[PDB]
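Undergrad: I'd like to ask you about the structure that follows.
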Amino acid sequence: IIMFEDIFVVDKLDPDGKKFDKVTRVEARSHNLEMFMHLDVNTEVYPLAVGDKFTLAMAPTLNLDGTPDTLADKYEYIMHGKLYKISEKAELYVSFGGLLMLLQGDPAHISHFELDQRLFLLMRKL
Amino acid sequence: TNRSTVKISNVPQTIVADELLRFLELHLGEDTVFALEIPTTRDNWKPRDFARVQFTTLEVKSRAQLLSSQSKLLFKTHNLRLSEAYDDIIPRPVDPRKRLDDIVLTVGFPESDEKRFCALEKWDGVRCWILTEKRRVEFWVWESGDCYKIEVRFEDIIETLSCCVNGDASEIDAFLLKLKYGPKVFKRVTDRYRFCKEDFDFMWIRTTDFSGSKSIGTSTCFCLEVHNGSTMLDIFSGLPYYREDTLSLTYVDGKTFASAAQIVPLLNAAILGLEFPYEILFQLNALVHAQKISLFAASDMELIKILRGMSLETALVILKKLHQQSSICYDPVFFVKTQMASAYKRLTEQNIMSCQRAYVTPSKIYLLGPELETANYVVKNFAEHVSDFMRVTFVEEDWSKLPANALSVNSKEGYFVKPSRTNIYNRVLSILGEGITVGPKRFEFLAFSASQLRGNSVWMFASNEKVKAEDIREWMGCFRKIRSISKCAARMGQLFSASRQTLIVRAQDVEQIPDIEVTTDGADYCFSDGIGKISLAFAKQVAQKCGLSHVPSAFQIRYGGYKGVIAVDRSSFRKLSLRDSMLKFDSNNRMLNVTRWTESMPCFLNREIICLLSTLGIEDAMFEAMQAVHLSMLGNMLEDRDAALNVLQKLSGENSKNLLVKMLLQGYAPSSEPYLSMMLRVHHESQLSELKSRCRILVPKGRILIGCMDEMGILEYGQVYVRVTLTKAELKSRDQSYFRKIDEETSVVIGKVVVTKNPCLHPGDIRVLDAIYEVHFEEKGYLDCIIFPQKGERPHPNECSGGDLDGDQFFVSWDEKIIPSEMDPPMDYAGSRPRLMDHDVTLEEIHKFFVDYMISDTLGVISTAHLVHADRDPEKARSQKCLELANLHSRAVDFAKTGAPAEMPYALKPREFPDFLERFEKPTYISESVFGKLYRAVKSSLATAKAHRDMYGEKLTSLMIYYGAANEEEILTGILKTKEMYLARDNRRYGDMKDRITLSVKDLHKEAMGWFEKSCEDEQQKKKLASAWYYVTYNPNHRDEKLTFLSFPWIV
């Protein structure tokens, strides 16, 4: 059910602030696959410091064996969004209700993603 | 970890330096921050987003880095990120042990032969800092309030010694620093965002000697009086060439040796008070300046008393032998006790003269001595005052070029920035004005040549009762007609090139042929810039004294102020003729002399040619294949004798006779004949080094020849005539489509030939010309000279970077694989407006111009910047940046003619260099252009008889130790594998030194030939003696304990 799943390590933060009361964009580089990622995260509700390691997963649906549109107990930062731009080292542009995500990796790693589809974002900081 | 300054990534814009300092001291240890600087875009009210902080101890820096890595630094909801910095805020060593405060500093020299030292001036309470990373030692001396900085590098010192001042051998209370060069001298000159923990809000500018008695400029050694230190030896052990021995010294009252004159290191003339010769005194001064004998060791009464009355030749021999001593001599008296006409002929034969060369530094002056060099025209009619001529060059302490920051440092005073002249500027002005006094002489400024202007060199002549400097100046010509400062200097210094003396022609038979001018598109284009006309009889007369068999069709000549190349013709009226656009200045003499007649050398491809030819459509495969075949034929030259002759006949000299060339065609195996095999190996190594340093492609289908014009008017715009000699490759296979076998030795070309020069930075210089064959043109008999049409829209030299027909070389090549489809218009050749004064030259503005030539001299950096920008940005030589760089280069070239500074912008600096450069200290980036591919390919490829023999060997080893050579190959070939700190940065000085040593070895060979001719004077007996010499030198058992030289018998 999970299409893409890899361990990511953050590198730097765009605001580099603790109590800025603003959405923070993170830059995390994948291990092994070595895929650069941009993601907007809220630090106040989901703290994330530099050097931390977190896992990331993407699934079309949260149900088991079909039923598109029970993985909630495993992860803790589930999001929902759609992929609108796929043109690039291919990269993906997924917006989770205005929160842009840029997953830049290799053309072979990202091959089973269609245009204008709904996908989730499963995250856990170990 | 090398430095201690840490750059903070992001800081709030509303904070001040005090708040950040308090935060750092709260998180870290108390008072652990030395310097904190926040850069500001504006003057004092707009700080930047980052800041740089300097820590006292590396442990504090490591702790701060650890805290930053854990994101434990939070100052006003900002996470401080720490990164390494480029340079320290203050050049202060991290180790507190190296910091020495309140110590005694004194200067002096080894005055006595024994273990004695002399103190001239002593300073107390000085600050000494040792910078291991910067490889320099700083001395802070406070004198009359303002402090001065003395900078000594690790290369400045040659040996480190430790001594004592209390008188106890066990204790160490002193340190000796023997200096080879002079130390740099600085001076201190006269806040919200800069803490700095101290009063470091000033700047350092280079200055001259600040001592009243000028003790620094006359002292070659430094002594550091410091307290006894148990671990001080470990700190002092870091200095290069440290001796682990204990030495004792005593103080000698040497306050008498104090000179208040500008030239400090010269001896006093009033002490002698006799008829001492000038040559011996000059040699003694040269010895004192060299690190051989100290000042006091040669100022004693006994030495001058002994050297006063003796044989002059023996005195010169012993003086030069003492100069050739490998080490420093302490007792000259013992050495000299244990040791015990032609100039005119040399000038008339090979123009051999002994010219004194002097180096002027901000600290002292170095006299090299009477070095042999090629004679110029000014000394032909003034050969009696051979010793009065002296070459003076203004260099730095390391004998290098003076940096732009050392003269006229910029400072913002008022609304506009105005440069401020340093003390070195005034020192140079005073030296030029008052002059240099050496013994019973006073040299005066005569003039400086164009080549010397670019090397900061100038001629000086000692005034005499017979002829003075002004007498020579007025004898050369009248220069009051020129109202331009630069033009007058150029015309006065242009008559100093090497030339061969010929017959004298009066001013009765001179023609005034009118010229031709074409004005199109509102632009003045002149075809005849320096062209001339010559007859056959004049060529025959001028070729008789030069030993030239073939009569060239063109040769550069200058006489009576005129300058330009002249061409032959079959319809001449009389011997000589002249045009109108050739008179530079009026002169009282019309001596004829010729510099260059013809050189049919094979063409070479420089970096700019490939850079400008990489956009018309030429691929990288062609150049790669050419480099591959070049390296293949170079590597095969060692074990194959057939390729050696072909290479020697197609690389340097189309028709050259030499001992190596003759033996290459017919010789033994490469394994045998070590004298030839090692020469071939060193030649291959030199070729590889030259290829690594710069691109030089050997193309056999092209030559380098000058061009002229014929009074025919048949050729149109775009039609020229190409004719050159036939080389080995041409003779082997003369059947070609574009090659016409007009004669056995001369072959015509009908292919597409382009014209290129050495300096080229514009894509429009490539002008494809179609060569044609005409019977009428061949009837005139033109050889080794391309023919330019008289009529056309614009002259060919104008399209060639706005050149002139002044005997300049032109690159020609009858290649067929080039791409002529793309054509680009040339750039404008219009120069700056000339500057004319309202008054005659008072010999002061010329000095101002000469000194200001060093300032804003960006000629050598424009080419490098253009190459870097071309390699980085694709589609090179097409953007406006390349056009701007070409315009700036043209203006900088024109700076020697007209006083128009180049004005190099700051934003145009490359700040990055490719792999194929010698700037190891500067950052290196991997280049992916054609030059990068070529460099990678090169890198991959790379990865009675007894007495004469003894005399010759002694002379050769004396020359080797005088020029620093350690092996026969580097002195015979003139190429030195080892370089100094100043011989590697520039190539003009190295080329001049190579020419001088080549002249010296040629003189030695001529003397050997004379000795051989006088020894025997019998043909068969001479052959027998040569065979006997070869047999003796070939036998290994005949070698003595000393180094036997095998280069003596090889004379032909």
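Naming works like this for the structure tokens: A, B, ... for the chains as they're shown, residue 1 at the start of each chain, ligands 1 onward in shown order.
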Can you write out as CSV which residues of chain A fall within 8 Å of chain B, alongside each residue's closest atom pair and its distance in Å to one decimal, counting only C-alpha atoms and ordering rows by chain and ascending residue number?
TA:
residue,atom,partner,partner_atom,distance
A:16,CA,B:79,CA,5.4
A:17,CA,B:78,CA,4.8
A:18,CA,B:77,CA,5.5
A:19,CA,B:77,CA,5.9
A:20,CA,B:77,CA,7.0
A:49,CA,B:71,CA,7.5
A:50,CA,B:71,CA,7.0
A:51,CA,B:70,CA,7.9
Undergrad: Write out as a PyMOL selection string which residues come within 12 Å of segment 37-45 of chain A when counting only C-alpha atoms, dropping same-chain ones fewer than 6 positions away.
TA: chain A and resi 6-31+56+76-79+91-105+121+123
Undergrad: Step one, run DSSP on the backbone; step two, keep only residues of chain A assigned to strand (DSSP E or B); then write them as a PyMOL selection string.
TA: chain A and resi 4-13+24-30+36-41+53-58+79-85+91-95+100-104+118-124
Undergrad: What's the 7 Å shell around segment 628-645 of chain B, counting only C-alpha atoms, without same-chain residues fewer than 2 positions away, as JSON, numbers by chain?
TA: {"B": [624, 625, 626, 647, 648, 649, 661, 664, 665, 670]}
Undergrad: Considering only C-alpha atoms, return as a list in words whatever protein or nucleic-acid residues lie within 12 Å of residue 90 of chain A, sequence-local ones (same chain, fewer than 5 positions apart) excluded.
TA: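 Counting only C-alpha atoms, the residues come to residues 35, 36, 85, 102, 103, 104, 105, 106, 107, 108, 109, 110, 111 and 113 of chain A.
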Undergrad: Have a look at atom CA of residue 858 of chain B and atom CA of residue 992 of chain B and let me know their distance in Å, one decimal.
TA: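 Computing the Euclidean distance for atom CA of residue 858 of chain B and atom CA of residue 992 of chain B yields 22.0 Å.
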Undergrad: Please indicate the distance in Å from atom CA of residue 320 of chain B to atom CA of residue 287 of chain B, rounded to one decimal place.
TA: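 Separating atom CA of residue 320 of chain B from atom CA of residue 287 of chain B is a distance of 9.1 Å.
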Undergrad: Measuring between only C-alpha atoms, which one of B:673, B:88, B:245, B:690 shows the shortest distance to residue 1034 of chain B?
TA: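 Among the listed residues, the smallest separation from residue 1034 of chain B belongs to B:673.
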Undergrad: Using only C-alpha atoms, which protein or nucleic acid residues come within 9 Å of residue 116 of chain A? Drop anything in the same chain fewer than 3 positions from it, and give the result as a ChimeraX atom specification.
TA: /A:82-85
Undergrad: Write out as a list in words each polymer residue whose atoms come within 9 Å of segment 331-343 of chain B, counting only C-alpha atoms; drop sequence neighbours fewer than 2 positions from it.
TA: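 In the requested format, the answer is residues 112, 113, 114, 293, 297, 298, 302, 303, 306, 314, 318, 319, 322, 329, 345, 346, 347, 348, 351, 352, 353, 354, 383, 384 and 386 of chain B.
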Undergrad: Please save N, CA, C and O atoms of the selected residues as a CSV table (one decimal), in the first residue's frame.
TA:
chain,number,residue,atom,x,y,z
B,112,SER,N,82.5,41.3,13.1
B,112,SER,CA,83.8,40.7,13.2
B,112,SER,C,83.8,39.2,12.8
B,112,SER,O,82.8,38.6,12.7
B,113,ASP,N,85.0,38.7,12.4
B,113,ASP,CA,85.1,37.3,12.0
B,113,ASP,C,84.9,36.4,13.1
B,113,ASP,O,84.4,35.3,12.9
B,114,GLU,N,85.2,36.8,14.4
B,114,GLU,CA,85.0,35.9,15.5
B,114,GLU,C,83.5,36.0,16.0
B,114,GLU,O,82.7,36.5,15.3
B,293,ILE,N,80.1,39.2,2.9
B,293,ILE,CA,80.9,39.9,3.8
B,293,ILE,C,80.1,41.0,4.4
B,293,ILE,O,79.4,41.7,3.7
B,297,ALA,N,83.4,44.2,8.3
B,297,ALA,CA,84.5,43.2,8.0
B,297,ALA,C,85.3,43.7,6.8
B,297,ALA,O,86.4,43.2,6.6
B,298,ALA,N,84.7,44.6,5.9
B,298,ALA,CA,85.4,45.1,4.8
B,298,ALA,C,85.8,46.6,4.9
B,298,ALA,O,86.3,47.2,3.9
B,302,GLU,N,93.3,47.6,7.3
B,302,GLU,CA,94.2,46.7,6.7
B,302,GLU,C,93.8,46.2,5.4
B,302,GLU,O,94.6,46.0,4.4
B,303,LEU,N,92.5,45.9,5.2
B,303,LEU,CA,92.0,45.4,3.9
B,303,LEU,C,92.2,46.4,2.8
B,303,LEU,O,92.7,46.0,1.7
B,306,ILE,N,95.9,46.7,1.9
B,306,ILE,CA,96.4,45.6,1.1
B,306,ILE,C,95.8,45.7,-0.4
B,306,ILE,O,96.6,45.6,-1.3
B,314,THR,N,94.8,40.7,-11.2
B,314,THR,CA,94.8,39.8,-10.1
B,314,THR,C,93.8,40.2,-9.0
B,314,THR,O,93.1,39.3,-8.4
B,318,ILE,N,90.8,37.8,-7.8
B,318,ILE,CA,90.6,37.4,-6.4
B,318,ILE,C,89.2,37.9,-5.9
B,318,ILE,O,88.5,37.2,-5.1
B,319,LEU,N,88.8,39.1,-6.3
B,319,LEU,CA,87.5,39.6,-5.9
B,319,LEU,C,86.3,38.7,-6.4
B,319,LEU,O,85.4,38.3,-5.7
B,322,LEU,N,86.3,35.4,-4.5
B,322,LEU,CA,85.7,35.6,-3.2
B,322,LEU,C,84.2,35.7,-3.4
B,322,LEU,O,83.4,35.2,-2.5
B,329,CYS,N,81.9,34.4,4.2
B,329,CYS,CA,83.3,34.6,4.6
B,329,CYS,C,83.4,35.5,5.8
B,329,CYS,O,82.8,36.6,5.7
B,345,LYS,N,86.4,45.9,-29.6
B,345,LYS,CA,86.4,44.8,-30.5
B,345,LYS,C,85.1,43.9,-30.2
B,345,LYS,O,84.4,43.5,-31.1
B,346,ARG,N,84.8,43.7,-28.9
B,346,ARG,CA,83.6,43.0,-28.6
B,346,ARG,C,82.3,43.7,-29.1
B,346,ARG,O,81.4,43.0,-29.6
B,347,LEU,N,82.3,45.0,-28.9
B,347,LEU,CA,81.1,45.8,-29.4
B,347,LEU,C,81.0,45.6,-30.9
B,347,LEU,O,79.9,45.5,-31.5
B,348,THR,N,82.1,45.7,-31.7
B,348,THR,CA,82.0,45.6,-33.1
B,348,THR,C,81.7,44.2,-33.6
B,348,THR,O,81.2,44.0,-34.7
B,351,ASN,N,78.6,43.0,-30.0
B,351,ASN,CA,78.0,43.9,-29.2
B,351,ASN,C,77.9,43.5,-27.7
B,351,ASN,O,76.9,43.4,-27.0
B,352,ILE,N,79.1,43.1,-27.2
B,352,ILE,CA,79.3,42.5,-25.9
B,352,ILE,C,79.8,43.6,-25.0
B,352,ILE,O,80.9,44.2,-25.2
B,353,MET,N,79.0,44.0,-24.0
B,353,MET,CA,79.4,45.0,-23.0
B,353,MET,C,79.1,44.6,-21.6
B,353,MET,O,78.3,43.7,-21.4
B,354,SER,N,79.8,45.1,-20.7
B,354,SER,CA,79.7,44.9,-19.2
B,354,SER,C,78.9,46.0,-18.6
B,354,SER,O,79.4,47.1,-18.4
B,383,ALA,N,81.3,54.5,-26.1
B,383,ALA,CA,81.9,53.3,-25.6
B,383,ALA,C,83.0,53.5,-24.5
B,383,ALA,O,83.3,52.6,-23.8
B,384,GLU,N,83.5,54.7,-24.5
B,384,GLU,CA,84.6,55.0,-23.5
B,384,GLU,C,84.0,55.0,-22.1
B,384,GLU,O,84.7,54.6,-21.1
B,386,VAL,N,81.9,53.1,-20.5
B,386,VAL,CA,81.2,51.8,-20.4
B,386,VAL,C,80.7,51.6,-19.0
B,386,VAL,O,79.6,51.1,-18.8
Undergrad: State, in Å with one decimal place, the distance from atom CA of residue 491 of chain B to atom CA of residue 558 of chain B.
TA: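 Between atom CA of residue 491 of chain B and atom CA of residue 558 of chain B the gap is 12.2 Å.
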Undergrad: Would you pick out the contacts of residue 545 of chain B at 10 Å or less, using only C-alpha atoms, so that residues sharing its chain but fewer than 2 positions from it are not included, and give the list as a ChimeraX atom specification?
TA: /B:500-503,540-543,547-548
Undergrad: Restricted to C-alpha atoms, what would the selected residues look like written as a PDB file, in the first residue's frame?
TA:
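Final output, saved to selection.pdb:
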ATOM      1  CA  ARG B 500      73.908  45.741 -35.780  1.00  0.00           C
ATOM      2  CA  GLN B 501      76.039  48.659 -36.949  1.00  0.00           C
ATOM      3  CA  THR B 502      76.138  49.379 -40.685  1.00  0.00           C
ATOM      4  CA  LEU B 503      77.401  52.083 -43.048  1.00  0.00           C
ATOM      5  CA  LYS B 540      73.112  43.830 -50.820  1.00  0.00           C
ATOM      6  CA  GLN B 541      75.151  46.431 -48.924  1.00  0.00           C
ATOM      7  CA  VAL B 542      73.255  45.911 -45.659  1.00  0.00           C
ATOM      8  CA  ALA B 543      73.398  42.099 -45.920  1.00  0.00           C
ATOM      9  CA  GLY B 547      76.720  37.453 -42.994  1.00  0.00           C
ATOM     10  CA  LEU B 548      73.393  36.828 -44.732  1.00  0.00           C
TER      11      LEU B 548
END
Undergrad: Considering only C-alpha atoms, state which residue in the set B:997, B:619, B:512, B:525 is at the smallest distance from residue 581 of chain B.
TA: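 Answer, going by the shortest atom-to-atom distance: B:512.
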